[PDB]
Protein chains: 2
Amino acid sequence: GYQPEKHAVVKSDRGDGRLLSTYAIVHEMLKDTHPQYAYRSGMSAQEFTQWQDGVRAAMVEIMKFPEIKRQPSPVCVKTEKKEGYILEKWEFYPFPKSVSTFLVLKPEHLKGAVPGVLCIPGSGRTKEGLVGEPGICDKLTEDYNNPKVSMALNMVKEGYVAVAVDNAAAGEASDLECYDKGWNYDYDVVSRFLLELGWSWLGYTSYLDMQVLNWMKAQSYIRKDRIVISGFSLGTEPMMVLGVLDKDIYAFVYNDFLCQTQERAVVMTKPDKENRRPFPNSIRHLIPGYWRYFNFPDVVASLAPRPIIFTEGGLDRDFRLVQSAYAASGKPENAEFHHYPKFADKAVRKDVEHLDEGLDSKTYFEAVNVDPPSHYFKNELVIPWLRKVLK
Amino acid sequence: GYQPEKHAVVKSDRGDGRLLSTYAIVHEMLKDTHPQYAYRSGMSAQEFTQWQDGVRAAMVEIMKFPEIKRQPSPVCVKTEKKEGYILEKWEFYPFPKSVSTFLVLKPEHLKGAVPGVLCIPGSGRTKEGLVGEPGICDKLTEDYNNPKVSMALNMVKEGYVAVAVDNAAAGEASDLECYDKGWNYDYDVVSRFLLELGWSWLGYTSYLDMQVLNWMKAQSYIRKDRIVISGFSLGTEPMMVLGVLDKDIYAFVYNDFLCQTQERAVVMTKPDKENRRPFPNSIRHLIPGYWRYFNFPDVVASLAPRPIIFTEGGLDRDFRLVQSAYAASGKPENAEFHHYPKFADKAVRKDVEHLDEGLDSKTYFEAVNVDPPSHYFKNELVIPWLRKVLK
């Protein structure tokens, strides 16, 4: 008889093959979308360069960075001595009537210029957590003494300059969360205002992060040729945007599983307990028109030849894609790939070119080799990798 | 001490006036958006015509109707005899691999061509409710024997041809709702797929409704010069899109309060019980870039000189705006305005040029003269109005 699980796969019940539910129709439209800059193997060197440029042109188009009639320059509003380093807090002015902030950790007795690492936090997290400090308000505080959280502090302890930014709507940029909701920031309401205005959450937060990157390129004590961007979880998204736009960034740390998000939205259709087909993520992740151009594997692939480390798996297919682009760029060895420990042995993975439809969140994570309870900044892989690439 | 209500109004706490919360910044961006085709009084006849054309060009741009390599023509799949009329069900094929449906009520013994009314239902509702029939599935059934619901049936009883359509994701176009959620259709997940693809829920459902309108213009028994579009609640949105795009539509029934939705999003900032500032409506209502061009009062104003009736209030300011456009078009008398009975006496209304910020849903509805428990299709105003305008 009736079985909700028999509705997991979306398909026509008509002899003519046509789809009647709007869900099915729009889902099919996504299945029928062939991204323009999907990476293809076997390109000539000229074709590769042109593809890489096309990816950048598409990113510029969809991110809609404004040209802002110059606002005042960034200003240091606080400096404190810590055990072995200095903590600076800076204000910057991205638009009229607006202010944003970032933190800078400088090693004590810094002589000549050293590598700088732009640290971008995860969902529910803040720059204070990244530098190992309590929250700006108590309800916004993270497990800041855990080295799995304090990415920026870890970087200053390696002798690098660490710059910690917030994600839009979170931390010091939050609204009423300090009174109740805490880490559960209302990113979506902010995203809606931006979307209404033709923009997006990622376009906005990336535009702000670009100003911090520009500030880092102007510091005499930061090696302009050794700027790294390290993103944890959500933070990998603005890192991708900055990396595509700025070819002079030296290296990248991608601390989230590498997701082919178009496929995910096509395959994750199994109804949940509420009899809904939840979208894989919220409008915080909506950049209109993105999938007409590319997916994350194509985007990160275009960062070639910059050294890049992936510390939390994804499908073998997508690692192969990135590896092929790196080979075409002439530095196949610059991209390094790791799986979650649970899936490090390929005997336990399913290496397929296409995922099956009818997945739910649990089965999708299983298919793409993700172990959510072990999601955290992989210092054990990143610190040694950076020691080697930054020489 | 602390009081949540003291956070209702968004404002700077800095001497330099700058805003730190992303909510406040993006909210200010909306406040600073000046729609390009906002209606202005005192335009020359040439300026008025050019403004009207500009509104249409902007609508075309933001609605992104596709050019579809011709699919098969609509097909009648069922015809039934009813008491005094015939009920026809039709299939149409808007895209490859897709099917949609509509219902047609024809008066019995129809001789020559008669006026046709395209009936567009409200949120949570269906074409079956509009024609006075039970749902396609039991959980989708409405109070279909209530004349306040059965708009289309009411129209056929007046001797007009009534054509009833669905809204995307609702009714026969629904997905899993017939098993549990019922009237609570997941419009938003459908909207997300469309938004990802550069489109929108309204762009989609309007594109489908345009095909039904095109079908009505081809029927020999429908007076091509007497096609009316009547929208209830949500249905007023596709009516606006079709009216702007097709100047040959004869008249409009706007059965929802006339909302200046940009202002609403700016003023409705009072935190709710969850300490959130809920957006006035969901992404079903997101058409990216709409507010860069216009608001609903400007859009309906551009329908001039077509006869139009507003049956459920709004601000006196916005009725004045529409009236001014109708005067400029040369038929000031073609636009007719009504308030909810509760607010019909201007002594109880507040006629202001700008609403105060810090409203919540309850206080906003109070400010704009809306009485939600009395929201329903106003036959008592519409039937007599149509009798007069359709002569």
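The figures here come from the full heavy-atom set of this structure, side chains too, leaving out hydrogens, waters and symmetry mates. In what follows, chains carry the letters A, B, and so on, assigned in the order in which the sequence lines appear, proteins first and then strands, with residues in each chain numbered from 1.
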- Message: Test your reading of the model: is there a side-chain donor-acceptor pair from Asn295(A) to the backbone of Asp298(A), 3.5 Å cut-off?
- Response: no
- Query: Aromatic rings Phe257(A) and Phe365(A): how do their planes relate, parallel, tilted or perpendicular, breaks at 30° and 60°?
  - Reply: perpendicular
- Note on the structure: Minimal heavy-atom distance between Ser200(B) and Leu194(B), with the atoms involved, is O-CD1, 3.7 Å
- Message: I want to check something: taking the side chain as every heavy atom from C-beta on, are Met268(B) and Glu357(B) in contact at a cut-off of under 4.5 Å?
- Response: no
- Task: Please answer whether the main-chain N or O of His285(A) pairs with a side-chain N or O of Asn281(A) as donor and acceptor at a distance below 3.5 Å.
- Result: no
- For the pair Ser12(B) (side chain) and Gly17(B) (backbone), establish whether a donor and an acceptor sit closer than 3.5 Å, ignoring hydrogens and angles. yes
- Are any of the side-chain heavy atoms of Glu91(A) and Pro74(A) separated by less than 4.5 Å? no
- Note on the structure: Minimal heavy-atom distance between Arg192(A) and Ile283(B), with the atoms involved, is NH1-N, 3.5 Å
- Item | Verdict with supporting geometry, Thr269(B) and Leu359(B), side chain to side chain contact (heavy atoms under 4.5 Å, CB included) | CA-CA 6 Å; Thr269(B) 56; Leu359(B) 304 178; over 6 Å; no
- Item | Note: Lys181(A)-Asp186(A) ion pair, threshold 4.0 Å (strictly below) | no
- Over 60° means perpendicular and under 30° means parallel, so classify the ring planes of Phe95(A) and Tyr207(A), tilted if in between. parallel
- Taking every heavy atom of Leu202(B) against every heavy atom of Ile287(B), the minimum-distance pair comes out as CD2-CD1, 3.8 Å
- Message: List the residues meeting ring-ring contact (aromatic ring centres under 6.0 Å, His included) with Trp183(A), not counting sequence neighbours, and say none if there are none.
- Response: none
- Message: Do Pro96(A) and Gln71(A) make a side-chain contact, defined as non-hydrogen atoms from C-beta onward lying under 4.5 Å apart?
- Response: yes
- Task: Examine the side chains of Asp360(B) and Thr363(B) and answer whether a donor and an acceptor come within less than 3.5 Å of each other.
- Result: yes
- Query: Rounded to the nearest 0.5 Å, what separation is found between the CD atom of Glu61(A) and the CE atom of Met63(A)?
  - Reply: 11.0 Å
- Among residues two or more places apart or on two chains, list those pairs meeting side-chain hydrogen bond (donor to acceptor under 3.5 Å, both in side chains) that have a residue in residues 146-156 of chain A. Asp143(A)-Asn146(A), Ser150(A)-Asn154(A), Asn154(A)-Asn379(A)
- Message: Checking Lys378(A) against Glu312(A) for the salt bridge (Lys or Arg N to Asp or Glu O under 4.0 Å) test, could you report, in this order, the C-alpha distance in whole Å, the side-chain angles of both residues, the deciding distance, and whether it holds?
- Response: CA-CA 8 Å; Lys378(A) 298 286 179 288; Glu312(A) 288 187 337; 2.7 Å; yes
- Query: Under 3.5 Å, side chain of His27(B) to main-chain N/O of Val266(B), donor-acceptor pair present?
  - Reply: yes
- Quick one: do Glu88(A) and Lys106(A) make a salt bridge, cutoff under 4.0 Å? yes
- Message: Counting C-beta onward and ignoring hydrogens, is there a side-chain heavy-atom pair between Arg14(B) and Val99(A) closer than 4.5 Å?
- Response: yes
- Item | Rounded distance (nearest 0.5 Å) linking atom CD of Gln262(B) with atom CH2 of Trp291(B) | 6.5 Å
- Assess whether atom CG of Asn184(B) is packed by more than 12 heavy atoms of other residues, nucleotides or ligands within 6.0 Å. yes
- 4.5 Å side-chain heavy-atom contact, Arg125(A) and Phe232(A): yes
- Have a look at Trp215(A) and tell me which of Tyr93(A), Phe102(A), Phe92(A) forms a ring-ring contact (aromatic ring centres under 6.0 Å, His included) with it. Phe102(A)
- Test item: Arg18(B) side-chain N/O and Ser98(A) main-chain N/O as donor-acceptor pair under 3.5 Å: yes
- Message: Under the criterion salt bridge (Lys or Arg N to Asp or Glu O under 4.0 Å), I'd like the reasoning laid out for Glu133(A) against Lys127(A): C-alpha separation, chi angles, the key distance, then a yes or no.
- Response: CA-CA 9 Å; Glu133(A) 294 291 341; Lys127(A) 70 190 185 307; over 6 Å; no
- Query: Between the side chain of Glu5(B) and the main-chain N/O of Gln3(B), is any donor-acceptor distance below 3.5 Å?
  - Reply: no
- Task: For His375(A) and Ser233(A), work out which heavy atoms get closest and say how close.
- Result: NE2-OG, 2.9 Å
- Message: With heavy-atom distances below 4.5 Å as the criterion, would you say the side chains of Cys259(B) and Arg264(B) are in contact?
- Response: yes
- Task: Any chance you could lay out the salt bridge (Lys or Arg N to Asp or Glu O under 4.0 Å) test for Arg284(B) and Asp188(B), step after step, and finish with the verdict?
- Result: CA-CA 5 Å; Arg284(B) 178 184 71 188; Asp188(B) 288 358; 5.8 Å; no
- Message: Under a 3.5 Å distance rule, please check whether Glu28(B) uses its side chain to pair with a backbone N or O of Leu30(B) as donor and acceptor.
- Response: no
- Check: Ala168(A) main-chain N/O paired with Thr205(A) side-chain donor or acceptor under 3.5 Å: yes
- Message: I'd like to know if the side chain of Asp272(B) reaches the main chain of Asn275(B), judged simply by a donor and an acceptor atom lying under 3.5 Å from each other, with no hydrogens or angles considered.
- Response: yes
- Between the CG atom in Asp318(A) and the CD atom in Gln260(A), the distance rounded to the nearest 0.5 Å is 6.0 Å
- Message: Show, in sequence, the C-alpha distance, side-chain angles and deciding distance for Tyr290(A) and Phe296(A), and conclude whether the side chain to side chain contact (heavy atoms under 4.5 Å, CB included) test is met.
- Response: CA-CA 10 Å; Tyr290(A) 192 102; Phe296(A) 294 173; 3.3 Å; yes
- Could you walk me through whether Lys97(A) and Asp32(B) pass the salt bridge (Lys or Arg N to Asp or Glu O under 4.0 Å) check? CA-CA 11 Å; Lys97(A) 305 186 285 176; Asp32(B) 291 338; 2.7 Å; yes
- Message: Could you walk me through whether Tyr85(A) and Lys157(A) satisfy the side chain to side chain contact (heavy atoms under 4.5 Å, CB included) test, starting with their C-alpha distance in whole Å, then the side-chain angles of each, then the deciding distance to 0.1 Å, before giving a yes or no?
- Response: CA-CA 8 Å; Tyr85(A) 63 100; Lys157(A) 289 178 172 180; 5.7 Å; no
- Query: Once you round to the nearest 0.5 Å, how far does CG of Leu110(A) lie from CD of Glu108(A)?
  - Reply: 11.0 Å
- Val300(A) and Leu258(A), any side-chain heavy atoms less than 4.5 Å apart: yes
- Task: Indicate the atoms forming the closest heavy-atom contact of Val244(A) with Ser302(A), along with that distance.
- Result: CG2-OG, 3.8 Å
- Query: Can you tell me if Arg306(A) uses its side chain to pair, donor with acceptor, with the backbone of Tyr250(A) under 3.5 Å?
  - Reply: no
- Item | Contact check, side chains of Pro372(B) and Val370(B), non-hydrogen atoms, under 4.5 Å | yes
- Note on the structure: On a heavy-atom basis, the closest approach of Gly171(A) and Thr126(A) is CA-CG2, 3.6 Å
- Message: I'd like to know whether the aromatic ring centres of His338(A) and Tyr254(A) sit less than 6.0 Å apart in this structure.
- Response: no
- side-chain hydrogen bond (donor to acceptor under 3.5 Å, both in side chains) between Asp175(A) and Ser21(B): does it pass, once the steps are laid out? CA-CA 6 Å; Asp175(A) 181 18; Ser21(B) 67; 4.5 Å; no
- Task: Could you check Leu105(A) against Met155(A) for side chain to side chain contact (heavy atoms under 4.5 Å, CB included), going step by step and ending with a plain yes or no?
- Result: CA-CA 9 Å; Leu105(A) 307 187; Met155(A) 299 309 181; over 6 Å; no
